[PDB]
Structure formats: C-alpha cells, structure tokens
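Here is the structure we will look at.
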Ligand SMILES: NS(=O)(=O)c1cccc(Nc2ncc3ccc4sc(-c5ccccc5)cc4c3n2)c1
C-alpha cells in the first residue's frame, strides 16, 4: 500500500472510473498509476476488487506494486508495460509481423486466461485493448480484476458470462491478432452481428492465419458453450500448432 511515494509524469486514461498515468515509484520503478474519479466507485467495490487482483499471480498477468487509498483520492499501482495495448501495437506495427510472432502473442494471452479460468475468475472483457505488450514483446492480460462484437451468444441473450464466453472472446482476440489490429465486423451494426452470427457466419480467416489456426478460432466460436474448448485445452492445441 502506497502513500505518495509516487511521481505522476503524464496520463493515458478516460471515462469516469479514473485516469491512468505514467509515473514512478520511489524515483525508480516505472509504473502505471490508475486513479479513480471521486464517487466513481463505491469504496467497498474498489477495496474488494483490488484485493482480488493482488491475490492473482501469473507471468502473463500484469502485476501490481500496491494501492493508494489514504483518501487522496485512490489509485491502483501497476508495473509499466512499455508497449501499450496489444490493440494499438498490432495496428502501428502492422506489416512487420511474422505469423510465428502473432501466434506467440495468442499463446501468451491463452496462458494468462488458462490461469484465470482455473482460478474461477471471469474476465468478461477479453479484447486486444485490454492486453498489454511489454518491452519484450510478451503479452500479459489486464483489466482482469455493450461490446457485442466480442460477446458469445449466451452473452448477447442477456449476460450469461462464464469461462466459455471468455473463450469466444479469445477467438475474436485471436482474429484481431492475425488481422494485425483490424476491427471485427467493422461495417456491421449490433443487430447485423447478432443476425450474421446466429446464422453461423464467423469472421473471415486473416491472411496471416493458417488453415490450422483458423480451425481453432472456429472452435472458440462454437455456438454452444459446452462445445468450446477450455483455455487449458486451447493452450495445448495452439502450442502444438506453433510447433509448425
Ligand atoms: N493503453 S495506453 O493507455 O495507450 C498505454 C500506453 C503506454 C503504456 C501503457 N502501459 C500500461 N501498463 C500497465 C497497466 C495496468 C492497468 C491499466 S488500466 C489502463 C487504461 C484504462 C482505461 C483506459 C486507458 C488505459 C492502462 C493500464 C496499464 N498500461 C498503457
């Protein structure tokens, strides 16, 4: 728990929930400071949600240095991911990726998700914007503690989230990866997506997506949650593909 051993350098956030800043802890460690707008969250919402994030530990899950809540206002202190959101990285880096690199990114996220799944945590918003790239190229899952383009059917039809809905979400995240940051169903209204999806239509195979990686992406989009593989299973399937 941090008092103010923090140094705010510049920001990067938006929307009531707080701002995010680039900062330093102890004039040393580069960190990402997420503050929360006053009255933008019940104090017990922040308290219990924060202690949940600190109870999670995995190499493909962004880490926390501590929290600030002595009342001035309130902020969560994360390690700094040098390359921002996977969404943004894929976009500006587009055309410079090798299929192998993109597949490695998916494996990174699947690993983090496999951990969250096993720890019975649902991520309800798994997308490229919520993934972070480090000054390694390593991908870590974030924001782990409507967007119908990432929602599975049982979620369209009023919010039945689970670890299997995250898988569907992962399938779309995989599409965003191999398409190098493209927008899924860009020229389609929510209605159209739900209609096209309810007819068995799925996002096309990006060119960088091999016929084998696109089979996997379609298992994630199986209409029935029980038919979708669990992250623990996707990990080994993606792993075997990466091997050729
Ligand atoms: N995605 S960004 O803000 O352009 C950015 C740029 C450069 C570096 C970072 N690295 C970093 N490292 C650890 C983090 C750990 C938690 C959060 S929450 C958040 C956010 C929330 C709501 C709107 C916009 C941003 C960014 C980060 C975060 N971000 C992020």
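We're sticking with Swiss-Prot numbering for chain A, so the shown stretch reads 358-502, 520-618, in order.
This entry, so its header tells us, was determined using X-ray crystallography, 2.1 Å.
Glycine residues also receive a Cβ, built from the backbone N, Cα and C atoms like all the rest.
According to DSSP, residue 482 (active site, proton acceptor) sits in a coil region rather than a helix or strand. Per Swiss-Prot, active site, proton acceptor is recorded for 482.
Among the features that Swiss-Prot reports, ATP binding site is placed at 369, 370, 371, 372, 373, 374, 375, 376, 377, 391, with the record citing sequence analysis. In sequence order, 394, 397 constitute the residues six or more apart from residue 373 (ATP binding site) in its chain with CB-CB distances below 8 Å.
Taking Cβ-Cβ distances under 8 Å and a sequence gap of 6 or more within the same chain, residue 565 (phosphoserine) has no neighbours at all. Annotation comment: Swiss-Prot describes 565 as phosphoserine.
Straight-line distance linking the Cα atoms of residue 482 (active site, proton acceptor) and residue 371 (ATP binding site), rounded to a whole number, equals 17 Å.
Close contacts with ligand 1, defined as a Cβ under 6 Å from any of its atoms, occur at none of the recorded positions 373, 375, 482, 565. For the binding-site residues 369, 377, the greatest number of Cβ atoms within 10 Å around a candidate Cβ is found at 377.
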